[PDB]
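Heads up: the structure comes next, in structure tokens.
Counting starts at 1 for both ligands and their atoms, following the listed order. Every chain is numbered from 1, with letters handed out A, B, ... down the list of sequences.
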Amino acid sequence: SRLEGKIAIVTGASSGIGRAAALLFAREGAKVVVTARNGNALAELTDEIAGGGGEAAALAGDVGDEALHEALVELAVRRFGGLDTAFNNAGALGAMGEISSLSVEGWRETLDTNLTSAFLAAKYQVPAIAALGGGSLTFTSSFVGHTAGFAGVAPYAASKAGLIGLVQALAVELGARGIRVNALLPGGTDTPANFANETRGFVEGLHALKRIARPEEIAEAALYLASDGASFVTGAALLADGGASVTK
Amino acid sequence: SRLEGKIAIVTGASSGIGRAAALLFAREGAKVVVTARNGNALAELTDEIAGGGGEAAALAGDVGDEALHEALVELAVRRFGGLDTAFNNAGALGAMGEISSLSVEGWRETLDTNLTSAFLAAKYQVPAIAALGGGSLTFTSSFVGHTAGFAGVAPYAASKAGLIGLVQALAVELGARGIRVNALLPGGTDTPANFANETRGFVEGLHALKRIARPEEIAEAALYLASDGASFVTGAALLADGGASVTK
Amino acid sequence: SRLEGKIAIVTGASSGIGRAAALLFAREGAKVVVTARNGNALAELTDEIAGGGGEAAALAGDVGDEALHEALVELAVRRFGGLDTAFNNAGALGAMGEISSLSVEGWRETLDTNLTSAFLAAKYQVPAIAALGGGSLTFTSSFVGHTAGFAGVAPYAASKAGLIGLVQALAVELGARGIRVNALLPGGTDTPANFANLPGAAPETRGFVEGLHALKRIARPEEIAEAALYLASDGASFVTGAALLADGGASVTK
Amino acid sequence: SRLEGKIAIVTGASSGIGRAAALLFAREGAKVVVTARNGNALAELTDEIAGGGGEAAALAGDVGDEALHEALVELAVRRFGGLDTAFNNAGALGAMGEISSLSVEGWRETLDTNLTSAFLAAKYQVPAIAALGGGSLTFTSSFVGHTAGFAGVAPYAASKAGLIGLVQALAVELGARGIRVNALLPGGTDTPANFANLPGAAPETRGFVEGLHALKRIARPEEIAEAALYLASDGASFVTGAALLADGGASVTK
Ligand SMILES: NC(=O)c1ccc[n+]([C@@H]2O[C@H](COP(=O)([O-])OP(=O)(O)OC[C@H]3O[C@@H](n4cnc5c(N)ncnc54)[C@H](OP(=O)(O)O)[C@@H]3O)[C@@H](O)[C@H]2O)c1
Ligand SMILES: NC(=O)c1ccc[n+]([C@@H]2O[C@H](COP(=O)([O-])OP(=O)(O)OC[C@H]3O[C@@H](n4cnc5c(N)ncnc54)[C@H](OP(=O)(O)O)[C@@H]3O)[C@@H](O)[C@H]2O)c1
Ligand SMILES: NC(=O)c1ccc[n+]([C@@H]2O[C@H](COP(=O)([O-])OP(=O)(O)OC[C@H]3O[C@@H](n4cnc5c(N)ncnc54)[C@H](OP(=O)(O)O)[C@@H]3O)[C@@H](O)[C@H]2O)c1
Ligand SMILES: NC(=O)c1ccc[n+]([C@@H]2O[C@H](COP(=O)([O-])OP(=O)(O)OC[C@H]3O[C@@H](n4cnc5c(N)ncnc54)[C@H](OP(=O)(O)O)[C@@H]3O)[C@@H](O)[C@H]2O)c1
């Protein structure tokens with residue numbers, strides 16, 4: 001029960017990290033509000049949470065929409081009575097390709113899904129969290145655009161790096177109200193988002209640990225940042241990347 | 001003549017840093033293509049360059065528009081024969097305020113002017129630079145969102161941090177073609193963009209040097225990143241911030 | 001029982017962050033081996049631990065001495081059967097003052113205490129941890145010398161930053177054998193080492209130090225200990241090569 | 001004449017980056033005072049400098065010795081009238097190998113050469129620079145221990161990272177008096193210290209090292225010297241407390 005008593009939003013819940021996090025947080029005593037575009041995946045997820053003994057509510061929607069973010073928090077407060085924490089984990093690789101071939105349409109979709117989503121998440125989540133008197137927001141960034149670049153990925157890397165800026169700003173803006181704000185930066189994790197999913201070997205070799213994370217290991221880092229154990233952690237870009245940052 | 005022979009685009013040219021950079025680059029032997037929204041300022045700028053003995057061309061436009069970026073490079077190649085370097089310096093504080101009061105409209109304008117502009121700049125500039133066989137793009141970021149947060153500034157901080165991600169991605173993507181890509185991160189500089197413009201004292205105290213930069217000192221750092229002296233500098237987020245990053 | 005089954009060394013265990021961390025680890029299930037210079041302080045801590053029904057062993061010595069680190073690891077292995085984790089936390093501000101006034105003696109002593117100690121810890125800790133099939137080493141660095149400079153603390157800042165280079169090298173060297181290596185970087189923490197608490201201090205220092213933090217308060221040592229427990233925990237299985245700021249937002253606050 | 005009027009100390013001046021930087025600074029107008037252990041190498045460099053009609057003075061000594069740094073500054077002030085800038089560049093990979101195999105002697109000697117030297121440089125350089133009304137100190141660090149770890153180089157990585165902490169502390173301490181303090185962090189550079197060039201090296205190392213860089217090539221020493229000239233130049237008047245990567249994109253390349 002490392003999150004006992006907490007009420008959490010998890011976005012990007014329908015697979016890999018988000019899914020493992022919603023499941024873990026619920027196991028550990030948090031009441032979870034989940035979201036993703038794929039209602040069918042959400043239903044398999046909320047099913048699995050129920051009958052593990054946990055409570056979860058879902059809302060299907062596009063994480064780029066302002067009205068989803070508002071509704072999502074309204075839900076948390078309706079169903080469970082308030083909101084303690086949010087794991088803003090939605091994002092996608094988006095459109096990839098050599099810089100000069102990319103469309104501005106593709107650039108804006110990627111930034112909308114990965115970075116505008118986080119602004120809107122903050123915009124609605126912060127009042128409800130400030131109401132319980134604290135205390136946390138975590139955003140899934142990436143080592144990509146923070147400690148490494150790759151060919152073909154400029155929109156994703158810019159969107160992920162932007163989350164670090166948003167985190168530093170919010171952490172200072174909300175610190176006095178007792179809301180911590182951190183970025184979580186996975187390395188290669190075993191999900192459809194991973195280039196691997198001879199690629200597998202190449203990807204594992206990127207990490208000092210010489211393997212790819214299970215999604216549950218990234219959820220555990222998200223669980224830490226949402227826990228009371230992280231009461232003095234804010235404005236941080238926590239690398240849970242198996243050493244990928246420091247491996248060449 | 002530290003830039004002799006070079007052909008440069010400078011965006012955000014109509015005041016402070018951009019203006020000092022266009023003037024400096026021209027003094028130092030580069031042919032300069034300048035842009036900003038304010039045609040009247042551009043005319044005072046191109047005037048001052050002429051009769052210093054330098055050559056400059058201008059195009060007035062919104063740096064968020066794809067067609068400006070295309071036209072701008074076409075100009076450089078039309079008027080001067082190609083393109084060596086670009087100082088992507090356009091940006092603005094944009095809409096400020098406590099996170100939950102901000103509009104998504106205001107968020108998207110700020111990101112458009114500060115970060116989408118840079119993608120579009122890259123999209124058109126890289127082919128013309130790859131044509132001369134190299135070699136540079138510099139983008140004006142900020143210490144804000146990289147080493148510091150402030151209340152009320154989340155969209156600016158996210159947009160500025162995003163430029164660092166875009167830089168790391170492009171630097172790896174284009175390194176093999178001989179195009180260096182760097183971010184330049186000013187601290188407080190004496191321009192209308194500076195909070196100062198009892199604020200003055202507070203701002204100066206933010207820096208280890210206990211003063212605000214002249215715009216010409218930031219141009220000098222931009223001149224270095226565009227120079228042959230920076231032939232082994234790429235993927236770098238160069239702090240020209242008077243120590244603001246490390247001062248508490 | 002967050003660290004049930006773990007065998008941990010904790011250095012700088014006689015006060016502050018180190019004491020809270022050795023107590024916390026033991027209360028959470030770990031068998032703990034504790035060190036500091038003050039043998040009477042260690043003895044009261046192990047008494048408290050074994051007493052609340054935990055398990056601890058103590059060895060007093062200078063953390064800059066190679067024989068002490070060797071015998072620490074011998075004590076964990078002997079008494080408890082192995083070594084899974086180390087929290088290499090001992091450190092001291094060392095001699096402070098304007099750069100041209102400092103002695104090289106004072107500089108070397110600061111480095112030896114803060115940084116040479118970490119090399120010697122690693123030198124003896126690594127074979128024992130590797131024997132178990134893997135585990136972790138955590139070193140207490142600081143936000144000072146990583147995201148901030150202050151006047152008068154050049155030896156301290158150098159020594160703390162040096163731990164981050166040691167961390168990155170060892171995370172790569174040891175990663176394929178399952179040993180994670182991280183730095184933990186506290187903000188202002190309410191201990192004898194905090195600027196505000198020195199002998200010494202102007203009244204206004206406490207407010208100055210608190211105001212350095214986005215949270216606008218100085219950490220209880222327990223808060224830093226929970227971060228160190230995170231990093232030693234199985235919950236940190238994919239965290240290595242990191243410099244984890246547990247600094248209340250100090251790094252980003254101006 | 002990019003440094004016309006400047007009086008500069010350059011350490012590690014007998015080869016590599018340091019030699020190219022002392023030559024370059026002098027060819028660009030600075031009066032240069034050069035040091036390394038190899039007195040015959042220094043003498044050929046000053047001969048070349050004074051000879052191309054520049055001005056240089058030499059003093060051979062161990063960069064880990066306090067008396068050497070004191071006398072270096074005495075030599076600049078005496079011969080040239082002041083001190084504006086230092087390029088504290090001397091460094092050595094030092095003893096390398098798996099962490100449990102390294103001696104504490106080898107560790108201390110690496111640190112003394114790479115990091116204690118920087119403290120002693122600063123201790124004597126700062127009063128002389130301050131006398132002039134300000135200037136700069138630049139220290140050659142490395143991307144290793146800042147954005148990368150490698151196996152077998154723990155002392156080197158620690159010592160190089162430590163320079164960044166020293167930089168941040170001194171930039172704050174000295175900034176109000178107009179002394180800028182920066183670290184310069186090269187990538188692979190074609191000198192005797194480069195992995196590929198060691199005695200030693202497997203054929204395939206050169207390609208491995210080149211491929212570490214976004215530019216896909218190892219730097220000529222002159223390229224790193226131009227970066228150091230930037231940081232000593234008036235063009236870097238608002239650059240302090242920075243760790244400038246002149247590393248060909250190594251930091252961001254995987
Ligand atoms: N996997 C890695 O190796 C790795 C490395 C670094 C960072 N990350 C980051 O890790 C986070 C979690 O992703 P994962 O690795 O677990 O990949 P994943 O398996 O694809 O999970 C991504 C989640 O984001 C959601 N998403 C995408 N577009 C959305 C939209 N427009 N509206 C609402 N949700 C949307 C998806 O939901 P629907 O498709 O059902 O909407 C899905 O639930 C992401 O932010 C990713 O960028 C992953
Ligand atoms: N000043 C500081 O203290 C400080 C600190 C950190 C970072 N920066 C960054 O430094 C860079 C240069 O700004 P500055 O400090 O020199 O401030 P400034 O005096 O306001 O110059 C900003 C330039 O950006 C242009 N701009 C804004 N919106 C535009 C648009 N929509 N379309 C085309 N151009 C637009 C402006 O041109 P028009 O208005 O004529 O279009 C102006 O030429 C900016 O990216 C800024 O964010 C400044
Ligand atoms: N307090 C803060 O605000 C703050 C901020 C950032 C980083 N840190 C770091 O946090 C870590 C814990 O310090 P703290 O705040 O808990 O202060 P503390 O209360 O003074 O604890 C320091 C501990 O290190 C031990 N130590 C010092 N020199 C030693 C030596 N030569 N040989 C063996 N042990 C030695 C001391 O024990 P004996 O004297 O009994 O040997 C004491 O147990 C240190 O590395 C410190 O630098 C503290
Ligand atoms: N080469 C690279 O790939 C690379 C990468 C990152 C950082 N660096 C750093 O770059 C800086 C310059 O090295 P380099 O590449 O130019 O290699 P280098 O050719 O070996 O030059 C090293 C210089 O430092 C001097 N030195 C070493 N130990 C000394 C001591 N104890 N006392 C006085 N001088 C000493 C050497 O001179 P004597 O032997 O004549 O005294 C030599 O002049 C060093 O700090 C190095 O660590 C190099």
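- Using a 4.5 Å cut-off on side-chain heavy atoms (C-beta onward), A:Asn114 and A:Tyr156 make contact.
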Anything under 3.5 Å between a donor and an acceptor, one on a side chain of residues 62-69 of chain C, the other on a protein residue two or more places apart or in another chain? List them.
unit_1	atom_1	unit_2	atom_2	d
C:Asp62	OD1	C:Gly64	N	2.8
C:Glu66	OE2	C:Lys123	NZ	2.8
C:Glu66	OE2	C:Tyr124	OH	2.6
C:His69	NE2	C:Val63	O	2.7

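- Legend: residues meeting side chain to side chain contact (heavy atoms under 4.5 Å, CB included) with D:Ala183, ordered by chain and number and at least two apart, are D:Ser141, D:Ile164, D:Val167, D:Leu185, D:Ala243.
- Sorted by chain then number, the residues whose non-hydrogen atoms approach ligand 3 to under 4.0 Å are C:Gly12, C:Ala13, C:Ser14, C:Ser15, C:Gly16, C:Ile17, C:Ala36, C:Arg37, C:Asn38, C:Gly61, C:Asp62, C:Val63, C:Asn89, C:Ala90, C:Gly91, C:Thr113, C:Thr140, C:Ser141, C:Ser142, C:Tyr156, C:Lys160, C:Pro186, C:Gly187, C:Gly188, C:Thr189, C:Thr191, C:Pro192, C:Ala193, C:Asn194.
- No side-chain heavy atom of A:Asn88 sits less than 4.5 Å from a side-chain heavy atom of A:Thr138.
- C:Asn197 places a side-chain N or O within 3.5 Å of a backbone atom of C:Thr191 that can act as its donor or acceptor partner.
- Scanning for side chain to side chain contact (heavy atoms under 4.5 Å, CB included) contacts around C:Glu222 gives C:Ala20, C:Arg220, with sequence neighbours left out.
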